[PDB]
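Colleague: First the structure, which I've put down as structure tokens, then a few questions once you've had a look.
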Amino acid sequence: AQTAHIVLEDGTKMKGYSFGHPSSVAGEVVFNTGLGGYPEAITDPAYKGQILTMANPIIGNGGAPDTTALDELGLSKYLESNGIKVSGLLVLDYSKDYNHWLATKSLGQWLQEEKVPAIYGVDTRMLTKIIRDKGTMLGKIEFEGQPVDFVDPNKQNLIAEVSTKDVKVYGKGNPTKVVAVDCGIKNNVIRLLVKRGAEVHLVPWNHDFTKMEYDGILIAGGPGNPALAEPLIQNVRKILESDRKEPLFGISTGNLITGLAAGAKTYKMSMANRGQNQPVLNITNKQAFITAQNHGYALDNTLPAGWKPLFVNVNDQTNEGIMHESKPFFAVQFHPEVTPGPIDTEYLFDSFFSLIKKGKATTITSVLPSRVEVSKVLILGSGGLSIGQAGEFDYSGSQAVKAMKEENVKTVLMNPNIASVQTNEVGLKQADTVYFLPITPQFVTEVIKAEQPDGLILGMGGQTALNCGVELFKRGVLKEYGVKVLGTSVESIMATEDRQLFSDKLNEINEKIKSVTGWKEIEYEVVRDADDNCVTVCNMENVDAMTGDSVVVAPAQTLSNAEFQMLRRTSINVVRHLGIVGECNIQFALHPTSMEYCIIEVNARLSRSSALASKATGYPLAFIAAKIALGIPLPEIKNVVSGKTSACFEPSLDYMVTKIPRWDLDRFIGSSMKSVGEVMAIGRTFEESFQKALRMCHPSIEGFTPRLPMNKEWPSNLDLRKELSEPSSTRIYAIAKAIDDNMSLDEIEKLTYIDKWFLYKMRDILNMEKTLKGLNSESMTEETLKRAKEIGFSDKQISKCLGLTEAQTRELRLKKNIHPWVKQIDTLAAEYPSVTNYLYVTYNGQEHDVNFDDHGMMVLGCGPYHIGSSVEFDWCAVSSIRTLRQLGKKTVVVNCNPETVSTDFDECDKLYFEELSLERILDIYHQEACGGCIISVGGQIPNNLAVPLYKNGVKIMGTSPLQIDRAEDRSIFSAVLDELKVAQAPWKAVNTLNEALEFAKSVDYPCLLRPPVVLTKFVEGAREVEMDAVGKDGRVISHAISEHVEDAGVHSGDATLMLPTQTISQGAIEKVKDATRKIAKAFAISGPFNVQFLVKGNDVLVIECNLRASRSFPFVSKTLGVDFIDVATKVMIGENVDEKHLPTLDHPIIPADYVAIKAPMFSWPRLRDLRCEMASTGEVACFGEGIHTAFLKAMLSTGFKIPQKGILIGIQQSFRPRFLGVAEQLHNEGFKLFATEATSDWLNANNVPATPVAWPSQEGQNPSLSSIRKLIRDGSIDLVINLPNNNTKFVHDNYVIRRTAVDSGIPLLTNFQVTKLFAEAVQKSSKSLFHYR
Ligand SMILES: Cc1csc(NC(=O)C2CCN(C(=O)N(C)Cc3ccc(F)cc3)CC2)n1
Ligand SMILES: [Zn+2]
């Protein structure tokens, strides 16, 4: 475009691109924090003379409506006045491509038609920070060759400029005559009057209405200094001094004029009130309301005789309305007609008409009409399985703990996982008492009996805690012990959980719960307090839904004001009607080309949505929900981010967030291919946020690209329309390919259901990539590179377009001084200064929001959870960050996983919720000038960056990245082991097919393969042992040896661990230790490390070494009473450690009186091709007198009933001789045995009783044999053993069997060693077994 500058009178200059009328304009520069409804906004007469800075960084998504259409009254149908009223517009990103069913044209076309200048590409947040609290900031949009001077339009009578010049009548023939004095009235005021039976006589600002006949009078505006409207003030003064008693209703300018006429004073506010999130309080009844405001002048708080304040601003204590003590005269400083904004104060129009209908009264007459004492509260933590629900982690319980501690309420927390991150807490988040018990009705009853709490929080531990609290309620246990449910009542909860009860409750307020395919899916997070104050804190739009695992953006992007405000209001109505006291999530389907919607569901407990919404906004939902449960109202709770304002507000976001689920694709489609984590990315364009989130999913992902990752090729036979219409693991790449193959966007939207707005942004990314591909290091301009970075291109992406390396591209970019900017997530779009340390990084800006004087220690997080990289690394993070804090070291945390506890800006000095790439970590490290980086405590992601960080100026703490590299290179590590005389299984990296075959024969079958391919001899019937350890200058100073239950196999990171060892020889232990001593010296280890070993009798073979903390670090730490991460962090930073009491190699800590077990929280089958495997995640860790009781306690802790009745036996035919003994053992403990016919017959022929059952695929073929499903449903089978079976005819049935157990919530054993452990433990052996601290 042509470019133009925004120049402020203080000297601030920002260059932007013109998208409106290309001429210069001068005016007052203002900002408004309201995000939605820019068409309604920019037609507000209040902006006359003003250049408006938009908080919402993404402007124009809905285009412009039909700007000439009129409604039945002769008013603009879709606008708030007869044209655009702003003098100009300043935005971060202008969407040239729009998509909305009411759009007729682009916002830029509209602006051009109206002659309004507008520029994009300017830092609207920086402009906000500059304008705020200055009173009047003059500025100008200036084009080259069109110089203009600063002018203050407030020095002229703007009221007169916008007022009607003659009397206009709307609602002709209606019964109630209302005179409206036009001080820049909005159209919606007139619509709301007429709807109520007014015939509205709209009169000029200076019309002498004083002797007119009317039933009521209304004054509304608008722009300008109310003091310049003396003829109006004098006329209103005449009314007030008369004996006229018609009701008077002032809106905004009305409030000021009515005040002045009464004898009050007005002033020009240092800090104006302009937003759609402005909290006010009715001073009379303490009720809070969220309002739309757009005023820069206010009434002085000293009011004249006969007048009282009606509303007050909750943030800044300014007047927000006045009322006469006896006459029906009142005004409000906000806009109850909204448009845009929250439809929460429309009842003021009802009040006005009520006053007219009586024969006199006050507005008070017709206006709408810590209490619980708790001394000890029981908080139900994150628990086990919930039948027909995915499996959840939810540690929000700890925020509840923190809230209770600030109110001097004693806390008891239940969490059965002894190594949970939730209980790894030592300050405000530590419960006074923790019980390590299952989250089940029996156990929670025992804690109630023991502790005698008077309150219970049941809505902050996921579905299982909820089901549990509800069951205690139903059985009378809560009544019996005097335990109050804090927050939403169980009666209200039951109404949301039962589909039918929910429908009936909704039908009472004329709302409703068929295919919603291709409807827009929008969700709101809502908080309601015990005083019936009810706010929306976040809203989200599903980009693409393929069970709650959608790609989501926040805020919603494609809604109009009408749609957004319609759903927002329904949310509030539904939440209040349901009796919510705390948080609630509500999900809508909205028809994509009308106003029709329906409610999909409500969730009256904390959820993945509420955790995402807290991360996206910085509003601490769980903490606030816990304060609400104590009956504290929103206005009386602090906004933790601002420090100076309350929880009674709706966040305004000057960035956009993108969340993407993390799919289970690491092992290498939808049948058993689930969401195992999530990422969230922040940007100030959609594109920036979007590419960043894609990269966050996995390091092989470059951004948005039509090329499959890992250099794979699209099939030659590809049917693209087919790929687009069914979920796949390559869906996003298929969309990119469709766009790039010139499939129309309309067709892509028809096939995918993704709104075309999003597809336009995707197309711009691909178009940028084409632009970049015709350029080179010499010809690419600064402007192009800047734009590419602003829409989320990485240096690596750019490098492939230009034919450069990544490093050369970074260098090139920094030579042009193109770098990103550190912004704060402040919850208020800069309305108030924040001192938050909750940060992101964007190219869309012109300043940083923080200083870089800390020079802190960086700690890198683990990225999205997935199989093998789970909650254990959150525990490691928490411990390492606390060690640093305890030693007085400033910390910088970087992570992008919104499910983590460690991304808590209250526990670290700077939290960057950012991409864990080399590029972004270097940006953050060098901008902060960090003193070092810890890459050892976040799993593989950070550790794999060791060497690239080290080569780019990063000080890595602890073990040299050069050593990490040697140890994790198979060829180098193996030659080091050869030289030290440490054994390992034979192995080869093979190029050719004839090489692979010759090796497989050189050492006998089988062999293991893994990604030029690595062959290793597979050793059969071996044990596996984990060594977790901490080195210091090459000396092992802490170690723990654990033993896998399962024989060494293809699964490791699926294995159940026993500590200390149970069936390992003493000689093998000595060899494990000796090998560990040698490895630590050979790699000069200073920090955490793990070595895995195969053991067979006395033969000990190293499998591999990971020179970083492993997932078993929490487990071994809690088991031995020594925090291995604490010790390692100390070593890595050079802090001294006393070794006298550590588990060194010469003096191990071997528990005597107990054994610990670590097992997966959730397991489920996966169909492959042909075979069936298990996947598992999460952790449960328990202690027991021995491994047998530990194991039973783990089973109860994961939410299972210990089997008693019947066992389904499924084994491969060749495994029969080995299994017969265990079968008899299980039978001799009183289990009835079931098996498929041939197995059943074989058992019976060996004198082990069994009952035959049908294979699922053959249930038709014989009505005489029982079905597995029926035997499970009726409780005959309460355990399924289903061991590996390579018979390909039954692979699918074995998958079905396994899926049935998992879905019915009964235990499923798929390994022989684990089956033997169970069999032994039930010989050996619910309440009795357990535990606590
Ligand atoms: C090895 C591995 C582990 S995880 C992984 N790849 C991913 O996680 C990708 C799969 C492709 N993918 C995808 O198709 N998505 C999420 C659909 C999508 C739809 C709309 C969007 F806006 C973005 C993504 C994203 C993540 N690869
Ligand atoms: Zn105000």
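The way I read the labels, and the way they are meant: chains A, B, ... in the order of the structure tokens, residue 1 as the first residue of every chain, and ligand 1 as the first ligand shown, with later ones counted on from there.
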Please list as a ChimeraX atom specification every residue within 8 Å of residue 225 (chain A), counting only C-alpha atoms and excluding residues in the same chain fewer than 3 positions away.
Modeller: /A:154-155,157-158,228-229,268,297
Colleague: Please write out the residues within 7 Å of ligand 1 as a PyMOL selection string, counting only C-alpha atoms and all ligand atoms.
Modeller: chain A and resi 543-544+551+660-666+668+690+694+697-698+700-701+728-733
Colleague: May I have the selected residues written with C-alpha atoms, as a PDB file, in the first residue's frame?
Modeller:
ATOM      1  CA  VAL A 543     -11.343 -24.121  14.280  1.00  0.00           C
ATOM      2  CA  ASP A 544     -11.655 -27.791  13.415  1.00  0.00           C
ATOM      3  CA  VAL A 551      -8.092 -27.071  17.537  1.00  0.00           C
ATOM      4  CA  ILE A 660      -3.780 -27.809  19.239  1.00  0.00           C
ATOM      5  CA  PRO A 661      -4.175 -31.310  20.657  1.00  0.00           C
ATOM      6  CA  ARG A 662      -1.115 -33.527  20.710  1.00  0.00           C
ATOM      7  CA  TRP A 663      -1.909 -36.744  18.960  1.00  0.00           C
ATOM      8  CA  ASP A 664      -0.352 -40.145  19.776  1.00  0.00           C
ATOM      9  CA  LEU A 665       1.808 -40.378  16.650  1.00  0.00           C
ATOM     10  CA  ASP A 666       5.295 -40.901  18.073  1.00  0.00           C
ATOM     11  CA  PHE A 668       3.895 -44.193  14.030  1.00  0.00           C
ATOM     12  CA  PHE A 690      -1.031 -20.831  14.312  1.00  0.00           C
ATOM     13  CA  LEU A 694       1.965 -26.371  14.861  1.00  0.00           C
ATOM     14  CA  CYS A 697       3.383 -30.181  18.520  1.00  0.00           C
ATOM     15  CA  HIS A 698       6.586 -31.894  17.420  1.00  0.00           C
ATOM     16  CA  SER A 700       9.676 -32.503  12.916  1.00  0.00           C
ATOM     17  CA  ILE A 701       6.905 -29.907  12.177  1.00  0.00           C
ATOM     18  CA  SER A 728      -6.426 -38.367   9.449  1.00  0.00           C
ATOM     19  CA  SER A 729      -3.065 -37.910  11.077  1.00  0.00           C
ATOM     20  CA  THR A 730      -2.001 -35.768   8.108  1.00  0.00           C
ATOM     21  CA  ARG A 731      -5.148 -33.583   7.981  1.00  0.00           C
ATOM     22  CA  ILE A 732      -3.426 -30.187   8.277  1.00  0.00           C
ATOM     23  CA  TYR A 733      -0.904 -31.067   5.547  1.00  0.00           C
TER      24      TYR A 733
END
Colleague: Tell me which of A:312, A:137, A:156, A:1002 sits closest to ligand 2, counting only C-alpha atoms and all ligand atoms.
Modeller: A:312
Colleague: With only C-alpha atoms and all ligand atoms as the basis for distance, which of A:239, A:930, A:431, A:292 is at the shortest distance from ligand 2?
Modeller: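 Distance minimum relative to ligand 2 lands on A:292.
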Colleague: With ligand 2 as the partner and 6 Å as the cut-off, tabulate the residues of chain A that qualify, each row holding the nearest pair of atoms and their distance in Å to one decimal, using only C-alpha atoms and all ligand atoms, sorted by chain and rising number, as a tab-separated table.
Modeller:
residue	atom	partner	partner_atom_place_in_ligand_line	distance
A:273	CA	ligand 2	1 (Zn)	4.9
A:320	CA	ligand 2	1 (Zn)	5.2
A:333	CA	ligand 2	1 (Zn)	5.8
Colleague: Grab the CA of residue 1130 (chain A) to CA of residue 883 (chain A) distance for me, in Å with one decimal place.
Modeller: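 Here the two named atoms are 7.4 Å from each other.
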Colleague: What's the 12 Å shell around region 706-721 of chain A, counting only C-alpha atoms, without same-chain residues fewer than 4 positions away, as a PDB file with N, CA and C atoms, in the first residue's frame?
Modeller:
ATOM      1  N   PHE A 668       4.230 -44.185  15.487  1.00  0.00           N
ATOM      2  CA  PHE A 668       3.895 -44.193  14.030  1.00  0.00           C
ATOM      3  C   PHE A 668       2.828 -45.227  13.702  1.00  0.00           C
ATOM      4  N   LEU A 694       1.609 -25.190  15.680  1.00  0.00           N
ATOM      5  CA  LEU A 694       1.965 -26.371  14.861  1.00  0.00           C
ATOM      6  C   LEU A 694       3.398 -26.825  15.203  1.00  0.00           C
ATOM      7  N   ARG A 695       4.336 -25.882  15.228  1.00  0.00           N
ATOM      8  CA  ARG A 695       5.692 -26.264  15.600  1.00  0.00           C
ATOM      9  C   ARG A 695       5.787 -26.878  16.996  1.00  0.00           C
ATOM     10  N   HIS A 698       5.480 -30.987  17.534  1.00  0.00           N
ATOM     11  CA  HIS A 698       6.586 -31.894  17.420  1.00  0.00           C
ATOM     12  C   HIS A 698       7.722 -31.215  16.636  1.00  0.00           C
ATOM     13  N   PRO A 699       8.990 -31.505  17.000  1.00  0.00           N
ATOM     14  CA  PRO A 699      10.122 -30.869  16.297  1.00  0.00           C
ATOM     15  C   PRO A 699      10.251 -31.176  14.835  1.00  0.00           C
ATOM     16  N   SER A 700       9.632 -32.215  14.356  1.00  0.00           N
ATOM     17  CA  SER A 700       9.676 -32.503  12.916  1.00  0.00           C
ATOM     18  C   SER A 700       8.747 -31.564  12.154  1.00  0.00           C
ATOM     19  N   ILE A 701       7.904 -30.782  12.846  1.00  0.00           N
ATOM     20  CA  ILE A 701       6.905 -29.907  12.177  1.00  0.00           C
ATOM     21  C   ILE A 701       7.537 -28.522  11.980  1.00  0.00           C
ATOM     22  N   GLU A 702       7.544 -28.069  10.738  1.00  0.00           N
ATOM     23  CA  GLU A 702       8.131 -26.758  10.436  1.00  0.00           C
ATOM     24  C   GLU A 702       7.238 -25.571  10.591  1.00  0.00           C
ATOM     25  N   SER A 725     -12.225 -35.108   3.961  1.00  0.00           N
ATOM     26  CA  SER A 725     -13.573 -35.381   4.456  1.00  0.00           C
ATOM     27  C   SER A 725     -13.601 -36.364   5.618  1.00  0.00           C
ATOM     28  N   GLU A 726     -12.488 -37.027   5.901  1.00  0.00           N
ATOM     29  CA  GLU A 726     -12.381 -37.971   7.033  1.00  0.00           C
ATOM     30  C   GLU A 726     -11.159 -37.634   7.904  1.00  0.00           C
ATOM     31  N   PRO A 727     -11.294 -37.676   9.248  1.00  0.00           N
ATOM     32  CA  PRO A 727     -10.104 -37.431  10.108  1.00  0.00           C
ATOM     33  C   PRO A 727      -8.874 -38.272   9.698  1.00  0.00           C
ATOM     34  N   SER A 728      -7.689 -37.678   9.686  1.00  0.00           N
ATOM     35  CA  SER A 728      -6.426 -38.367   9.449  1.00  0.00           C
ATOM     36  C   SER A 728      -5.343 -37.690  10.260  1.00  0.00           C
ATOM     37  N   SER A 729      -4.261 -38.416  10.451  1.00  0.00           N
ATOM     38  CA  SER A 729      -3.065 -37.910  11.077  1.00  0.00           C
ATOM     39  C   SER A 729      -2.286 -36.890  10.252  1.00  0.00           C
ATOM     40  N   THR A 730      -2.663 -36.717   8.994  1.00  0.00           N
ATOM     41  CA  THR A 730      -2.001 -35.768   8.108  1.00  0.00           C
ATOM     42  C   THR A 730      -2.965 -34.658   7.662  1.00  0.00           C
ATOM     43  N   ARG A 731      -4.050 -34.483   8.400  1.00  0.00           N
ATOM     44  CA  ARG A 731      -5.148 -33.583   7.981  1.00  0.00           C
ATOM     45  C   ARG A 731      -4.652 -32.162   7.631  1.00  0.00           C
ATOM     46  N   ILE A 732      -3.797 -31.580   8.497  1.00  0.00           N
ATOM     47  CA  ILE A 732      -3.426 -30.187   8.277  1.00  0.00           C
ATOM     48  C   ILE A 732      -2.572 -30.038   7.007  1.00  0.00           C
ATOM     49  N   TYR A 733      -1.756 -31.047   6.729  1.00  0.00           N
ATOM     50  CA  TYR A 733      -0.904 -31.067   5.547  1.00  0.00           C
ATOM     51  C   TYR A 733      -1.780 -31.232   4.313  1.00  0.00           C
ATOM     52  N   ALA A 734      -2.847 -32.019   4.428  1.00  0.00           N
ATOM     53  CA  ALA A 734      -3.814 -32.205   3.324  1.00  0.00           C
ATOM     54  C   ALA A 734      -4.528 -30.889   2.979  1.00  0.00           C
ATOM     55  N   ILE A 735      -4.890 -30.126   4.010  1.00  0.00           N
ATOM     56  CA  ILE A 735      -5.489 -28.802   3.808  1.00  0.00           C
ATOM     57  C   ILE A 735      -4.504 -27.872   3.111  1.00  0.00           C
ATOM     58  N   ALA A 736      -3.246 -27.906   3.539  1.00  0.00           N
ATOM     59  CA  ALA A 736      -2.245 -27.069   2.902  1.00  0.00           C
ATOM     60  C   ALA A 736      -2.055 -27.466   1.417  1.00  0.00           C
ATOM     61  N   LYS A 737      -1.950 -28.750   1.173  1.00  0.00           N
ATOM     62  CA  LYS A 737      -1.834 -29.258  -0.213  1.00  0.00           C
ATOM     63  C   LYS A 737      -3.049 -28.859  -1.074  1.00  0.00           C
ATOM     64  N   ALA A 738      -4.270 -28.930  -0.523  1.00  0.00           N
ATOM     65  CA  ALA A 738      -5.466 -28.559  -1.267  1.00  0.00           C
ATOM     66  C   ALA A 738      -5.421 -27.113  -1.655  1.00  0.00           C
ATOM     67  N   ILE A 739      -5.024 -26.253  -0.726  1.00  0.00           N
ATOM     68  CA  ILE A 739      -4.930 -24.833  -1.033  1.00  0.00           C
ATOM     69  C   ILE A 739      -3.890 -24.613  -2.122  1.00  0.00           C
ATOM     70  N   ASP A 740      -2.775 -25.306  -2.013  1.00  0.00           N
ATOM     71  CA  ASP A 740      -1.640 -25.105  -2.926  1.00  0.00           C
ATOM     72  C   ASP A 740      -1.945 -25.741  -4.311  1.00  0.00           C
ATOM     73  N   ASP A 741      -2.708 -26.828  -4.370  1.00  0.00           N
ATOM     74  CA  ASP A 741      -3.189 -27.361  -5.632  1.00  0.00           C
ATOM     75  C   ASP A 741      -4.349 -26.559  -6.248  1.00  0.00           C
ATOM     76  N   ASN A 742      -4.674 -25.380  -5.698  1.00  0.00           N
ATOM     77  CA  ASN A 742      -5.723 -24.457  -6.214  1.00  0.00           C
ATOM     78  C   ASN A 742      -7.121 -25.008  -6.142  1.00  0.00           C
ATOM     79  N   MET A 743      -7.356 -26.005  -5.276  1.00  0.00           N
ATOM     80  CA  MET A 743      -8.706 -26.274  -4.815  1.00  0.00           C
ATOM     81  C   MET A 743      -9.316 -24.966  -4.216  1.00  0.00           C
ATOM     82  N   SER A 744     -10.528 -24.611  -4.634  1.00  0.00           N
ATOM     83  CA  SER A 744     -11.158 -23.363  -4.137  1.00  0.00           C
ATOM     84  C   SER A 744     -11.367 -23.433  -2.593  1.00  0.00           C
ATOM     85  N   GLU A 747     -14.716 -24.832  -1.620  1.00  0.00           N
ATOM     86  CA  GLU A 747     -14.766 -26.290  -1.560  1.00  0.00           C
ATOM     87  C   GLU A 747     -14.061 -26.875  -0.337  1.00  0.00           C
ATOM     88  N   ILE A 748     -12.934 -26.294   0.037  1.00  0.00           N
ATOM     89  CA  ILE A 748     -12.235 -26.789   1.233  1.00  0.00           C
ATOM     90  C   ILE A 748     -13.077 -26.613   2.498  1.00  0.00           C
ATOM     91  N   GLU A 749     -13.771 -25.481   2.569  1.00  0.00           N
ATOM     92  CA  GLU A 749     -14.636 -25.206   3.701  1.00  0.00           C
ATOM     93  C   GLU A 749     -15.805 -26.194   3.684  1.00  0.00           C
ATOM     94  N   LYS A 750     -16.378 -26.464   2.499  1.00  0.00           N
ATOM     95  CA  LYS A 750     -17.486 -27.441   2.407  1.00  0.00           C
ATOM     96  C   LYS A 750     -17.063 -28.846   2.901  1.00  0.00           C
ATOM     97  N   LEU A 751     -15.836 -29.255   2.552  1.00  0.00           N
ATOM     98  CA  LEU A 751     -15.350 -30.579   2.897  1.00  0.00           C
ATOM     99  C   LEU A 751     -14.866 -30.710   4.327  1.00  0.00           C
ATOM    100  N   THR A 752     -14.169 -29.674   4.843  1.00  0.00           N
ATOM    101  CA  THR A 752     -13.557 -29.748   6.177  1.00  0.00           C
ATOM    102  C   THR A 752     -14.460 -29.172   7.271  1.00  0.00           C
ATOM    103  N   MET A 762      -4.519 -19.243   6.179  1.00  0.00           N
ATOM    104  CA  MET A 762      -3.676 -20.309   5.717  1.00  0.00           C
ATOM    105  C   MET A 762      -3.141 -20.069   4.278  1.00  0.00           C
ATOM    106  N   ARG A 763      -4.024 -19.618   3.407  1.00  0.00           N
ATOM    107  CA  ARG A 763      -3.594 -19.282   2.064  1.00  0.00           C
ATOM    108  C   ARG A 763      -2.555 -18.175   2.041  1.00  0.00           C
ATOM    109  N   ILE A 765      -0.341 -17.637   4.321  1.00  0.00           N
ATOM    110  CA  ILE A 765       0.953 -18.265   4.727  1.00  0.00           C
ATOM    111  C   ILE A 765       1.589 -18.898   3.480  1.00  0.00           C
ATOM    112  N   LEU A 766       0.811 -19.702   2.743  1.00  0.00           N
ATOM    113  CA  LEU A 766       1.348 -20.397   1.550  1.00  0.00           C
ATOM    114  C   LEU A 766       1.781 -19.428   0.481  1.00  0.00           C
ATOM    115  N   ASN A 767       1.056 -18.315   0.328  1.00  0.00           N
ATOM    116  CA  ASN A 767       1.461 -17.300  -0.612  1.00  0.00           C
ATOM    117  C   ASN A 767       2.749 -16.640  -0.226  1.00  0.00           C
ATOM    118  N   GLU A 769       5.229 -18.128   1.413  1.00  0.00           N
ATOM    119  CA  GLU A 769       6.220 -19.082   1.080  1.00  0.00           C
ATOM    120  C   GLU A 769       6.606 -19.005  -0.477  1.00  0.00           C
ATOM    121  N   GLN A 797      12.171 -22.296   8.137  1.00  0.00           N
ATOM    122  CA  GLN A 797      11.325 -22.217   6.957  1.00  0.00           C
ATOM    123  C   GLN A 797      11.878 -21.262   5.870  1.00  0.00           C
ATOM    124  N   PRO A1011      14.597 -46.448  14.012  1.00  0.00           N
ATOM    125  CA  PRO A1011      15.128 -45.441  13.054  1.00  0.00           C
ATOM    126  C   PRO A1011      16.401 -44.690  13.511  1.00  0.00           C
TER     127      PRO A1011
END
Colleague: If you run DSSP on the backbone here, which positions in region 992-1105 of chain A get helix (DSSP H, G or I)? Please write them as a PyMOL selection string.
Modeller: chain A and resi 993-1002+1066-1082
Colleague: Return as a list in words the full set of residues in region 779-898 of chain A whose backbone-based DSSP assignment is strand (DSSP E).
Modeller: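 Reading the DSSP output for region 779-898 of chain A, strand (DSSP E) covers residues 821, 822, 823, 824, 838, 839, 840, 841, 842, 857, 858, 859, 860, 891, 892, 893, 894 and 895 of chain A.
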Colleague: Please provide the set of residues having any atom within 10 Å of residue 127 (chain A), restricted to only C-alpha atoms, with same-chain residues fewer than 4 positions apart removed, written as a CSV table (one decimal) with N, CA, C and O atoms, in the first residue's frame.
Modeller:
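Result file out.csv:
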chain,number,residue,atom,x,y,z
A,6,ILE,N,1.2,7.3,12.1
A,6,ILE,CA,0.5,7.9,13.3
A,6,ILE,C,1.6,8.6,14.1
A,6,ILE,O,2.7,8.1,14.4
A,8,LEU,N,2.1,11.3,17.3
A,8,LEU,CA,1.5,11.8,18.5
A,8,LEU,C,2.2,13.1,18.9
A,8,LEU,O,3.3,13.3,18.5
A,12,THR,N,5.9,10.4,19.5
A,12,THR,CA,5.8,9.0,19.1
A,12,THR,C,5.4,9.0,17.7
A,12,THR,O,4.6,9.8,17.3
A,13,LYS,N,6.1,8.2,16.9
A,13,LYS,CA,5.8,8.0,15.5
A,13,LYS,C,5.8,6.5,15.2
A,13,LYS,O,6.7,5.8,15.6
A,14,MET,N,4.8,6.0,14.5
A,14,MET,CA,4.7,4.6,14.0
A,14,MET,C,4.3,4.6,12.6
A,14,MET,O,3.3,5.2,12.2
A,29,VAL,N,-6.4,11.1,19.9
A,29,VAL,CA,-6.1,9.6,19.8
A,29,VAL,C,-6.6,9.0,21.1
A,29,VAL,O,-6.2,9.4,22.2
A,30,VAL,N,-7.5,8.0,21.0
A,30,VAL,CA,-8.1,7.3,22.1
A,30,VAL,C,-7.9,5.8,21.9
A,30,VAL,O,-7.6,5.3,20.7
A,31,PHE,N,-8.0,4.9,22.9
A,31,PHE,CA,-8.2,3.5,22.7
A,31,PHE,C,-9.4,3.0,23.4
A,31,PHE,O,-10.0,3.6,24.3
A,53,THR,N,-7.7,3.7,18.5
A,53,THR,CA,-6.8,2.6,18.6
A,53,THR,C,-7.6,1.3,19.0
A,53,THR,O,-8.2,1.3,20.1
A,54,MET,N,-7.5,0.3,18.2
A,54,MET,CA,-8.3,-0.9,18.5
A,54,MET,C,-7.4,-1.9,19.3
A,54,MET,O,-6.2,-2.1,18.9
A,55,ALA,N,-7.9,-2.3,20.4
A,55,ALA,CA,-7.2,-3.3,21.3
A,55,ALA,C,-7.1,-4.7,20.6
A,55,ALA,O,-6.2,-5.4,20.7
A,90,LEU,N,-6.7,2.9,13.8
A,90,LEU,CA,-5.4,2.4,14.0
A,90,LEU,C,-5.5,1.0,14.5
A,90,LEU,O,-6.1,0.7,15.6
A,122,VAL,N,0.6,-1.2,13.1
A,122,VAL,CA,1.1,-0.4,14.2
A,122,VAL,C,0.9,-1.1,15.5
A,122,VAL,O,0.0,-1.9,15.7
A,123,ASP,N,1.8,-0.9,16.5
A,123,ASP,CA,1.7,-1.5,17.8
A,123,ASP,C,0.7,-0.8,18.7
A,123,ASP,O,1.0,0.1,19.5
A,131,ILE,N,-1.1,6.4,25.5
A,131,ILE,CA,-2.2,7.3,25.7
A,131,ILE,C,-2.8,7.2,27.1
A,131,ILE,O,-3.3,8.2,27.6
A,132,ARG,N,-2.7,6.1,27.7
A,132,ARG,CA,-3.4,5.8,28.9
A,132,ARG,C,-3.0,6.8,30.0
A,132,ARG,O,-1.8,7.1,30.2
A,830,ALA,N,-3.8,-3.8,28.4
A,830,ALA,CA,-3.0,-2.6,28.8
A,830,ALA,C,-3.8,-1.4,29.4
A,830,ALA,O,-3.2,-0.3,29.6
A,846,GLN,N,6.5,-3.0,18.7
A,846,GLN,CA,7.6,-1.9,18.5
A,846,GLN,C,8.3,-1.6,19.8
A,846,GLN,O,9.2,-0.8,19.8
Colleague: Tell me which of A:922, A:745, A:281, A:791 sits closest to residue 760 (chain A), counting only C-alpha atoms.
Modeller: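 Closest candidate: A:745.
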Colleague: Let me make sure I understand: among A:284, A:1228, A:1066, A:614, which one has the smallest atom-to-atom distance to residue 1099 (chain A) if we use only C-alpha atoms?
Modeller: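 Of A:284, A:1228, A:1066, A:614, the one nearest residue 1099 (chain A), counting only C-alpha atoms, is A:1066.
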